[PDB]
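In: Let me see the structure of the following:
(7 chains)
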Amino acid sequence: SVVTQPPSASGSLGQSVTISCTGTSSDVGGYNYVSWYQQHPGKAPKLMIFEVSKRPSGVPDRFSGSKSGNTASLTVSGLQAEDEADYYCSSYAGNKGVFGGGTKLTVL
Amino acid sequence: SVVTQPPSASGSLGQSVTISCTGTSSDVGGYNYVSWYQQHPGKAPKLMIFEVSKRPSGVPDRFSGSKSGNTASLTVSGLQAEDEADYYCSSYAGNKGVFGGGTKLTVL
Amino acid sequence: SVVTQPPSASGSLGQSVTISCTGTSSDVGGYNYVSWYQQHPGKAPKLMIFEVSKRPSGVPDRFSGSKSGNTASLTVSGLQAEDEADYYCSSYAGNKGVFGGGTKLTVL
Amino acid sequence: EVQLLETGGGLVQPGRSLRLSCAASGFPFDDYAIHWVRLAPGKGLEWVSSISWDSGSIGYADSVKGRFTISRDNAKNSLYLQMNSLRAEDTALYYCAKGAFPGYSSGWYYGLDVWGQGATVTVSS
Amino acid sequence: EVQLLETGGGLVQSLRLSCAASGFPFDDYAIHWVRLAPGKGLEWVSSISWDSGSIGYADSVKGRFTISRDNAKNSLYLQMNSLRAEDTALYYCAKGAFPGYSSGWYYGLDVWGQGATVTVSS
Amino acid sequence: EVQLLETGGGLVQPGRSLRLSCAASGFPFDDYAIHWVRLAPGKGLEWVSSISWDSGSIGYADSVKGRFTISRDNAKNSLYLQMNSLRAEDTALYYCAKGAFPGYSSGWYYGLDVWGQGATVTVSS
Amino acid sequence: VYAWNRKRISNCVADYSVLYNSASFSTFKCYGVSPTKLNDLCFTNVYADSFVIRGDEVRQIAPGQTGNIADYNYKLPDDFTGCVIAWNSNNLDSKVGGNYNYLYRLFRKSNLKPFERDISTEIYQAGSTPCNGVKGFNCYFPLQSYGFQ
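Out: Residues are numbered from 1 along each chain as shown, chains lettered A, B, ... in the order given. Take a look at the structure below.
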């Protein structure tokens, strides 16, 4: 299927930016298994959020996850220079997974 | 199966030569779908006759096809230098095709 | 299955050495179809004994076969320099065959 | 223009495998059935295999039946021939040829009008 | 350390990809393929359980790709036949946080390889 | 003279495939059953597979059952062994051997009198 | 064994009880019928197949068996319904110098069908060249002697 994601996001240094991730009732709104990934240029993706709002070890508290209906959101408070990257959301869909389109985050 | 063809044929410049192509009642004598192909050395075959006696566009009137029982014939009148080549006949055989042995044509 | 064979055997020049070949009641002890093979280094195996104790043409009388229960034996009397090689036993097992582990024979 | 180009030839020992490819262009590969024909040295043409536009109809010669495997990828406009357990008599010049009309047996009905340059296959020890 | 390395990339007008694994028990974990198309985002390709008992493909490559593995060689494979222009992407080898099949979707894909480039053009 | 020659050896990764061939001459290949026997480095001989004169009787070892596929072409006097999904323990020297008498189990009854030179097969990553 | 004798028994009362208690049998195995039930059964015909073999070959006389005797001399069907009795005959079929009268078939192109008797003595062609009734290399006499002592 398709998980809708805005192509670009922006926020100033120290500010906050929310990146939405919109699916359907069979993926994003059907389970609490939404993941978020960060990808710097030329490097492999990095797991930032799993199970909608859980953070792995090594992810700062600035990244936080939430979900509401068919829309999952990733909020990055206290934006920093190293946060500029691409962000994809993932969701379970019944023995299959699906990624979002991706959002380029520019720290202005 | 096997479609019998004489190994070599010959004819003088401006004369005529007939190349026979003998099959059985399940191929040459079972359908009106006999084809003839010309192959110059080092080059891909060229379709000269289809449906026993039909000529594609680009084939001179000097080449003509006929069939009689299990034997199909290719006649080349007004033989020319460029006609020296190998000639194979083809026939339908029921969801399968079969070629003749081939005949080398020498223009004497 | 597995046919037990001692890894190494030894005997002095002119002496005798017996190489045992132990199976079960479904192979070595179930039929009288035990074979013995000699393999010199870098060369294909050579049939030395068939049917427990029969010698093909070209095998000297120094090699002799015997069987007792689940244990077949190959005795090489008057040991010679050319007898140094690897020896494998074979046995029928019901539409299938099985070889022994093999024994390196050193002529001391 | 219409064009077919065979790739994947070479020498390979008796019993080994080899895969041939045929790249197509200049015509709608989506709809036409394509065929393999080989030319053995000293012998003549010999039909190898055939496959319809959707792979719903597949045929092999008795000499390669259960030996070769024909297939195609309409998105890549490519035809394939997987040759396993090759024999000395498989040494030939393999041609990729399309029919005059997109039907399976239509290449036998109206002839094979377009041929590739061929790829050489040698099977010797 | 945990490590995955993809090999077998290049330009092609079939193609087989390999993923060498080390640093973790490859015998028990399910592994997945994810590609990154130029201009687009990530897209899941295929998945295979520890014993190959569970196998899944995306609809865009279903009946087209063939995933497999060799636990003795700690290697994952992806046989791509009949490649299309839209198959041009950067293919990643990724393991899940827990050895279950869908567990990589449950808890995320924590380890990724460097990827192998695949170009499909005439 | 009687003669058997195996071809198709080489190195291949664990999980891949490889096909072996055995060319026969000097005796009536039409009537005899032929067998495959391998020699693993450090281990001894190990029977692989067997096939009767008309392929009516076929047997495999439990270690390669459902893994190898034996076949023959009596017209080409050739025996084949299709090895798929190869493992490290498949690394061995594969022999082509005929029996003393043309029967299937006769090679076990009276021994395997003729052996080929063998073809090396390595299965490592 | 290659020329195993057969006797057809019909229109008579069979005495199985006395038959099985007359001599001492070293092997007595029945398939598809018990020895004691034959006293109550009637049959269209009975066949008594008699021959001599090696002791180690006695195991080959049974359903689903394979070997030289089973394949080329005397074959029983897998669904054989009947009895096999065997007893040592060393005091009868053995000579000081060796009893070579008893023979068995060694070479044969194909296995025998059940209850099939082959008495052919044609030279066996083990190679491509024809033998033309001359035994030599790749041309072997099909029969071999036991030579009991």
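In: Which positions in chain G make contact with chain F?
Out: Taking Cβ under 8 Å from any Cβ of the partner chain as the criterion, chain G approaches chain F at residues G:66, G:67, G:68, G:71, G:107, G:109, G:111, G:125, G:126, G:127, G:128, G:138. Using the backbone N, CA and C atoms, a C-beta is placed for each residue, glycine as well.
In: JSON lines for the residues you listed, including neighbour count, distance to residue F:83 and secondary structure?
Out: Shown next, in JSON lines, are these (neighbours: other Cβ atoms under 10 Å in any protein chain shown; distance: Cβ to Cβ, whole Å; DSSP: H, G, I helix; E, B strand; the rest coil):
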{"residue": "G:66", "neighbour count": "18", "distance to residue F:83": "28", "secondary structure": "coil"}
{"residue": "G:67", "neighbour count": "19", "distance to residue F:83": "32", "secondary structure": "coil"}
{"residue": "G:68", "neighbour count": "25", "distance to residue F:83": "33", "secondary structure": "helix"}
{"residue": "G:71", "neighbour count": "21", "distance to residue F:83": "31", "secondary structure": "helix"}
{"residue": "G:107", "neighbour count": "20", "distance to residue F:83": "34", "secondary structure": "coil"}
{"residue": "G:109", "neighbour count": "12", "distance to residue F:83": "31", "secondary structure": "coil"}
{"residue": "G:111", "neighbour count": "13", "distance to residue F:83": "30", "secondary structure": "coil"}
{"residue": "G:125", "neighbour count": "17", "distance to residue F:83": "34", "secondary structure": "strand"}
{"residue": "G:126", "neighbour count": "19", "distance to residue F:83": "31", "secondary structure": "coil"}
{"residue": "G:127", "neighbour count": "15", "distance to residue F:83": "31", "secondary structure": "coil"}
{"residue": "G:128", "neighbour count": "13", "distance to residue F:83": "31", "secondary structure": "coil"}
{"residue": "G:138", "neighbour count": "16", "distance to residue F:83": "33", "secondary structure": "coil"}
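In: ok, now how distant is the closest residue to chain G within chain A from residue E:103?
Out: Nearest to chain G, among the residues of chain A, is residue A:95, at 48.3 Å (Cβ to the nearest Cβ). Going from residue A:95 to residue E:103 by Cβ to Cβ, to the nearest Å gives 12 Å.
In: Show me which of these two is the more surrounded one.
Out: Comparing residue A:95 with residue E:103 by other Cβ atoms under 10 Å in any protein chain shown, the one with more neighbours is residue E:103, at 18 against 12.
In: what's the following helix or strand after the lengthiest strand in chain A?
Out: Identified as the longest strand of chain A according to DSSP state E is strand A:85-92. Once the chain leaves strand A:85-92, the next helix or strand it forms, by DSSP states H and E, is strand A:97-99.
In: moving C-terminal of that next one, what's the next helix or strand?
Out: Next along from strand A:97-99, by DSSP H and E: strand A:103-107.
In: what's the angle from that next one to strand A:85-92?
Out: 140 degrees (axes from the mean of the first three to the mean of the last three Cα atoms, to 10 degrees).
In: Tell me how far strand A:103-107 lies from the chain's centre.
Out: 11 Å (Cα atoms, centre = their mean, to the nearest Å).
In: in its sheet, what does that strand sit against?
Out: Using DSSP bridges, strand A:103-107 pairs in its sheet with strand A:8-11 (parallel), strand A:85-92 (antiparallel).
In: Excluding chain neighbours, give the residue nearest to residue G:145 in space.
Out: residue G:100 (4.1 Å; Cβ to Cβ, 6 or more residues apart in numbering or on different chains).
In: And for residue D:13?
Out: residue F:7 (4.5 Å).
In: For the residue of chain D found nearest chain A, give its distance to residue E:108.
Out: Relative to chain A, the nearest point of chain D is residue D:75 (21.3 Å; Cβ to the nearest Cβ). Separation of residue D:75 from residue E:108 (Cβ to Cβ): 33 Å.
In: Same question for residue D:70.
Out: 43 Å.
In: Contact partners for residue D:82?
Out: Residue D:82 makes contacts with D:17, D:19, D:68, D:69, D:70, D:71, as judged by Cβ atoms under 8 Å, 6 or more residues apart in numbering or on different chains.
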